[PDB]
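Breakdown of the fold
Chain residues, written in single-letter form:
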Amino acid sequence: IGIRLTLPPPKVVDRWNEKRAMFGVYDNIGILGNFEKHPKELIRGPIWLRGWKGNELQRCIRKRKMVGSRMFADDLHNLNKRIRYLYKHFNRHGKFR
Amino acid sequence: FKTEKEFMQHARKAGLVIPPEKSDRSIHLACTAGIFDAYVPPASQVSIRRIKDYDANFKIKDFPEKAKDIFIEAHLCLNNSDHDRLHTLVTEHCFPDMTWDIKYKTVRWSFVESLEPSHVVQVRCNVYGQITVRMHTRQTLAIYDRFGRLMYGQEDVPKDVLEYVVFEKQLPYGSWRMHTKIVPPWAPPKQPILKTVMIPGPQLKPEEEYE
Amino acid sequence: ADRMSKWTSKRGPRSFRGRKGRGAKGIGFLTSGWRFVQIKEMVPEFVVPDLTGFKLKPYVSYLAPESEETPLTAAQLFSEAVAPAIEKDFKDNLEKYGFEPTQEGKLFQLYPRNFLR
Amino acid sequence: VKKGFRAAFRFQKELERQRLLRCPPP
Amino acid sequence: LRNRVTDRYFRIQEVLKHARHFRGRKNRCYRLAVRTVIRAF
Amino acid sequence: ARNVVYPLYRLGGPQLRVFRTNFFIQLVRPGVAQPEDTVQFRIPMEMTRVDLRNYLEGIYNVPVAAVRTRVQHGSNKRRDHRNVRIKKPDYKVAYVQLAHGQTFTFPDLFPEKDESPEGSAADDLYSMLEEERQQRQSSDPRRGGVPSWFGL
Amino acid sequence: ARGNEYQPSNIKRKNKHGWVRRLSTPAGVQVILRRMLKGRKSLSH
Amino acid sequence: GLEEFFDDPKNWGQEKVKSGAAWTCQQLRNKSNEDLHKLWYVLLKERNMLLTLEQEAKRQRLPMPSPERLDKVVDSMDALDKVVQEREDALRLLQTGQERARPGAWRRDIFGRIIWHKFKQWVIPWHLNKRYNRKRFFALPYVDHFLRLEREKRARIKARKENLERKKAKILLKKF
Amino acid sequence: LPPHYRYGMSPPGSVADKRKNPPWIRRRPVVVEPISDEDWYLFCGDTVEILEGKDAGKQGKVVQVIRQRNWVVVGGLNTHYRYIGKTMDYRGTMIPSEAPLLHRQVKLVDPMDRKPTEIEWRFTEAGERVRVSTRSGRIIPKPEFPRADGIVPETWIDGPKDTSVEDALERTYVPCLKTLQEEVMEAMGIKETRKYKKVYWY
RNA sequence: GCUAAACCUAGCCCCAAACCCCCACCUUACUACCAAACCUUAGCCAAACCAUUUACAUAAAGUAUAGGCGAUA
RNA sequence: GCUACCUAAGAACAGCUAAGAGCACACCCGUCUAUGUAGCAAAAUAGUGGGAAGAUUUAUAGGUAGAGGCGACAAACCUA
RNA sequence: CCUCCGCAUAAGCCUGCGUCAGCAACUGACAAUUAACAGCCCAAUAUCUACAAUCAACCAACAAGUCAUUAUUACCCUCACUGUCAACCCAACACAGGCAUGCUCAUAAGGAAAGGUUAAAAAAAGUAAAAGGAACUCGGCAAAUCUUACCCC
Ligand SMILES: [Mg+2]
Ligand SMILES: [Mg+2]
Ligand SMILES: [Mg+2]
Ligand SMILES: [Mg+2]
Ligand SMILES: [Mg+2]
Ligand SMILES: [Mg+2]
Ligand SMILES: [Mg+2]
Ligand SMILES: [Mg+2]
Ligand SMILES: [Mg+2]
Ligand SMILES: [Mg+2]
Ligand SMILES: [Mg+2]
Ligand SMILES: [Mg+2]
Ligand SMILES: [Mg+2]
Ligand SMILES: [Mg+2]
Ligand SMILES: [Mg+2]
Ligand SMILES: [Mg+2]
Ligand SMILES: [Mg+2]
Ligand SMILES: [Mg+2]
């Protein structure tokens, strides 16, 4: 019977956190900071998608090319198998042509 | 099992080598195993100084009026089962001896006024002061079932009880509490219960006969 | 078909159960006719002292005082055993101070351990 | 444990209707 | 399982409250109930 | 000694000498009937027959005459909650048979009856675990289940 | 008839699948090396 | 005599036998090498007594009279084993400067990993030892693939352990 | 003891703990706040005061300190009531058994002011690390416990197998450049005319 | 009212940073001790068969070129 | 480690009639029938039958490996 | 009342019906298998080894065979280590199966086909049968009794 019997402990969310009250600051650091920095230089994450958006094939092509020289040995083989699969899916399968 | 000998004789025979281990913490009691000197109902001013040596503000004359409010408030907490209130008025030698038999049944004990004023009889004494006080009061009882049907004593008629309630006090924060209740051998028998009782004889194996 | 149990001497066939023994040290050799010659010098001889009149008992009384741990370093053993015998011959070769470079003629060699325990 | 609150609240109020269909108050 | 269904109990009782007066397992088992509750409607 | 390398012996070398004997020993009561001169020990595995003769005559000064060793196999048939086998360790048993017609009988360590009686006050605590077990006040059946606290 | 294919012997079990025959050839050291990488309790017979 | 394997018969079955403290390591460093040699065969004769009583208590299905004094003599025979070994390693640094008593070298077996190979005593030199020459202490070009995979498998276990440790410290600052 | 073992009022190898913590239980770990090994200030014997729950405002001594759960077991206080001696037909006797208190719910008490005070571990010019209260600069000494074992260091008589203080401290060590092997061989007096022929180590 | 139900923290995933780690054991591994490594990947699959062929920072650019000039590269 | 063949060094074969002889045990094989068919058995049991001093059966250790091995060719057998 | 089994060794397995305790051999504590039997051997360098076995004697062979030292040098010590249990192994099982050798060739050893009742059908295994004797059937398969004769390959 997949439904819980006691109602869960209450989710207390501080809306005036440090990360919440100062969220969004310096997203316009270009257009009113004399264009020294782009806002794409403000995003922190992986190296291969710091300022770049693609589908799943274009992400694995970019991950193999940018950071794939220093990837682990069976993480590179799991990535090469994924590009070998997503090539065949996007180019040979599907409804529209 | 039945005893502590029969457990160790079975723990030895089963191979259960259980190690008697040493611990720094001991069981910190607050009562005694019964009465120090058993008063027998038909000079102890040493024990009133040994009480006054640790307490230093205590009058033997005031105490029978204190003894009534310990006795009366302990017995009114049986009508509601306020076990957190019995634990400050009744020592843990007396609390299982007035609550274990009365669980899952309701009592309607009620105090009407006494006949004789209470008076202290004897005083005795990690040290436990002990005061016996005689009570000649007037009480009613009505003990019931789980099902609410009367099993002992009528509710309106007040009865006459003669009581010698030994009191006790641990001597840093404890107070005077009920410890036990002396029942003499020459006491008249209690009120007969409302139902009839059968008592079985020996349960005989076929080889054993009745002699 | 068993894999995980420790391969002891109880496990193989007859030619297997003879060759492997438990951790006992060899003493002699076998010659022709499978006859074992026990070498007397390979047997470890227990150098036991005499305990008569000895006054150290296996426990220490609890009235004994406590101290601080100083492991015997090589500098401390030098400073007690050698350094005063240096100074008495300095105010007036090193093999006269217990220093021995080569230990080929020595019975209890220190490196590598020629003794037991 | 399925995360969420809105389904655990509704079941708490369907239990309280069944607690009055099993034991109706005076 | 990022978001799986937490309220599937109440979707079953939308159907099973109409089947309470049936026979057999049509009043209990949901798979047998919807083919009769639809057919009862 | 055990868990050490032994110095190698070439032909014509010095005597091998142990100075601080590493290994323990323990003599056991035999589970079967045995002769009056045979003492049974529990030898650590790497300790030979002749190393026990020099152990006992050297440390304890007893007249050992015949030593006979055997290896006991501890069972690997008992399992955890993880269903992994728990090996009771193997131990070498040795039967030391004494010389000059001597005779050893294993002593009665732990005499079963100490003075006369059961128990009282070994070290407060066990007082209430006895003086209410003789002050039990077993329930009189004539009362029929009524609580016996009230003096009424 | 069938099913009793295993006729055990400890000489032959050590001579085919023991630790010595694994490291006797370069293709069998990789057999040990895949056991240790997987984390097996027993790497050989 | 075999009576030394048991204690005094007035201690038989008293279920509490009094015993002093164990020998600490600092008290043994004041005694000579002859006296630690003589103390060792006092503690060994006591350790055989208490191990005898340990097996006899298990055979008699009873606890120990005092199981605290067995772990004292074990403590005194590791401290005495540590003091004599300290004067062993200190004299090794003076007479020859070596750190370990047994020779050895850092070698690299067929599985490519760096082991410390402790040397054994032989009689013939190594180049004509038939059994020693079958033991290969080099790794071939097929091992470096499995050397990388074991390095990354150790790297994953380490990065899991570091990451989990920070996730618990964020729970602690939440809860307090 | 396995990892994520749950500490309790019983010692971790007792037969009453092996019933509660058998080797297969995976219970939720208790999150305790990590006190440093030098930051802890309540010891076995300290005069403390209880803040929350039953017996609030009472002062007592500390019998146990279970450091793995930040507990203090005050003696005779914060008690519930349990029975021991329960056999097949006897009910057992009633005992006030005490509950542990977290260190947030217990404050140290000055032995002069008799008030719950805060504690700073001020270094002093004689004593290197002594608790000092905040309301007044009174040092609170690390008090005396009973012991660790049944030792009672003041009352100790030796037996025939315990050595005296004079034998335990007599410095017989004359340090030289000989081993224990080479010093016993000259005290016992064994000769060896044979020399050790050189073996190969490889 | 039985059977059961429910639970939340074990742990994990993805990134960023920072380059990781006494004794016995290659003989029958866990056994104290005796007279020689390097040499193209292939094929599925795509071409609707198959046979040459078929992928393994941004921008120039899917451009020049290649190709049963065809799939595609 | 079953099995096909080989190698090494072993072993086994009563009794009766007179040679890859006959009758016949142990042994090996499996003609025919019946039971069994989630069975005792992922090929067995009971009766019957073929050989049983040989091109025999068999214990042990070794050898040949899948683009192959082995094969008194059944395109058999090479861990159901 | 059954026994075409049993008892040892080999191989295998590894404490698996010993003590104490908890349809109508499991868990926990404790205890045992003691070497003479069997494993574990051999100092070099040369140099010796044509005539089987079969009661080995007659005979009779072909397939042509399982068995041996000396010379000189070196050498003088001794009894360590390991196996030793069981109702057991391989068959997923306390499986009618599989399993080498030595003795006993019906037992001195080892065992129990029936939980209790009733006496239906059908089914399985067996015994008996009038008169007939293959008319049965693809076929004398099966059973019961023993033989003749001829073809095909
Ligand atoms: Mg033996
Ligand atoms: Mg076979
Ligand atoms: Mg195609
Ligand atoms: Mg297609
Ligand atoms: Mg023939
Ligand atoms: Mg024939
Ligand atoms: Mg053939
Ligand atoms: Mg053909
Ligand atoms: Mg064909
Ligand atoms: Mg099967
Ligand atoms: Mg018989
Ligand atoms: Mg039967
Ligand atoms: Mg039946
Ligand atoms: Mg019928
Ligand atoms: Mg007829
Ligand atoms: Mg017809
Ligand atoms: Mg016809
Ligand atoms: Mg026929």
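Conventions adopted
Residues numbered from 1 in each chain as written, not as in the entry; some residues may be left out. Chains lettered and ligands numbered in written order. Part of a larger assembly, values for the part shown. Heavy atoms only, no water. Residues with missing side-chain atoms left out of burial classes, pairs and counts. UniProt positions renumbered as here; feature names shortened; annotations may be inferred. Near = heavy atom within 4 Å. Polar contact = N/O pair within 3.5 Å; in protein donor to acceptor, adjacent residues only side chain to side chain. Helix = DSSP H or I, 4+ residues; strand = E, 2+ residues; numbered from the N terminus. Nonpolar A, V, L, I, M, F, W, Y, C, P; charged D, E, K, R; others polar. Core = buried A, V, L, I, M, F, W, Y, C linked by side-chain atoms within 4.5 Å. Buried < 20%, exposed > 50% of the residue type's maximum accessible area, 1.4 Å probe, protein only. Contact = heavy atoms within 4.5 Å. Buried area = accessible area lost by both parts, 1.4 Å probe. Salt bridge = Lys/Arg side-chain N within 4 Å of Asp/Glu carboxyl O. Axes fitted to C-alpha atoms, helices over the stretch in contact; angles between N-to-C directions. Parallel < 35°, antiparallel > 145°, perpendicular 65-115°, else oblique. Pairing = 2+ DSSP bridges.

Chain C has the name 39S ribosomal protein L41, mitochondrial in the PDB entry, where Homo sapiens is given as its organism. What the PDB entry is called, per its title line, is "Structure of the split human mitoribosomal large subunit with P-and E-site mt-tRNAs". Under the Subcellular location heading, UniProt states for chain C: "Mitochondrion". We quote the UniProt Sequence similarities comment for chain C here in full: "Belongs to the mitochondrion-specific ribosomal protein mL41 family."

Per the PDB entry, chain A is named 39S ribosomal protein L51, mitochondrial, and its organism is Homo sapiens. The annotation that UniProt attaches to chain A under Subcellular location is "Mitochondrion". Per UniProt, the comment on chain A under Sequence similarities is "Belongs to the mitochondrion-specific ribosomal protein mL51 family."

**Here we look at the protein's contact with RNA strand J**
Neighbouring RNA strand J are 62 residues, the closest being A:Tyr87, H:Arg102, H:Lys118, H:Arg131 and H:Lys168. In RNA strand J, atoms within 4 Å of the protein come 64% from sugar and phosphate. A distance of 3.4 Å separates a base nitrogen of RNA strand J from a polar backbone atom of H:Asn133. A distance of 3.3 Å is found between a sugar or linking oxygen of RNA strand J and a backbone nitrogen or oxygen belonging to H:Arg134. Elements with a minimum of two residues in the surface near RNA strand J: α2 (56-66) and α3 (73-92) of chain A, α1 (14-19) of chain C, α2 (19-22) of chain G together with β3 (121-122) and α4 (144-175) of chain H. Top element by residues in the surface near RNA strand J is α4(H). It accounts for 6 residues. A breakdown of the residues in the surface near RNA strand J according to their chemical character gives 25 nonpolar, 11 polar and 26 charged.

**Describing the nonpolar core**
For soluble globular proteins, nonpolar side chains are generally found buried alongside one another. F:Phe41, F:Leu52, F:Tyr55, F:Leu56 and H:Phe5 are the most contacted members of the largest nonpolar core, which totals 76 residues. The dominant element in this core, judged by the number of residues it contributes, is helix α2 (residues 33-59) of chain H, at 12 residues. Not counting residues within four places of it along the chain, the set of residues in contact with F:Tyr55 comprises C:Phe46, F:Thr21, F:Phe23, F:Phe24, F:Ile25, F:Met47, F:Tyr60, H:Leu44 and H:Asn48. The next biggest cluster of nonpolar side chains, apart from the first, holds 40 residues, and it includes B:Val120, B:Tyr152, B:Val165 and B:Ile193.

**Comments concerning the interface of chain C and chain H**
Think of interface size as the accessible area that goes away when the parts come together; that is how it is often given. Contacts between chain C and chain H engage 32 residues on the former and 43 residues on the latter. Three residues, C:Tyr59, C:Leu110 and C:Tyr111, lead the burial of chain C against chain H; their summed loss comes to 22% of the area buried on that side. Ionic pairing is found between C:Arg117 and H:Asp81, a salt bridge with its closest N-O pair at 2.5 Å. Among the secondary structure elements, those contributing two or more residues to the side of chain C that touches chain H are β4 (59-60) and α2 (74-81) of chain C.

**A word on the packing of α2(H) against helix α3 (residues 180-187) of chain I**
Two numbers describe how α2(H) lies on α3(I): the axes approach to 9 Å, and their chain directions differ by 90°. Considering the angle they form, α2(H) stands roughly perpendicular to α3(I). From α2(H), H:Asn33, H:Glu34 and H:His37 reach across to α3(I), where they touch I:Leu180, I:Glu183, I:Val184 and I:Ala187. Its residues assigned to classes, the contact of α2(H) with α3(I) shows 3 nonpolar, 2 polar and 2 charged.

**With respect to the pairing of strand β3 (residues 71-74) of chain I**
All names here are of chain I. The alternating pattern of β3 places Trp71 and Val73 and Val72 and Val74 on opposite faces, both of which are buried. When strand β2 (residues 59-64) meets β3, the two strands line up antiparallel, connected through 2 bridges. Looking at β3, one finds that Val62 is bridged to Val74. Here β2 hands over to β3 after 6 residues, with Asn70 in that stretch at a positive phi of 60°. Summarising the sheet, β3 and strand β6 (residues 101-102) pair through 2 bridges and their orientation is antiparallel. In the strand pairing of β6, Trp71 is matched with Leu102.

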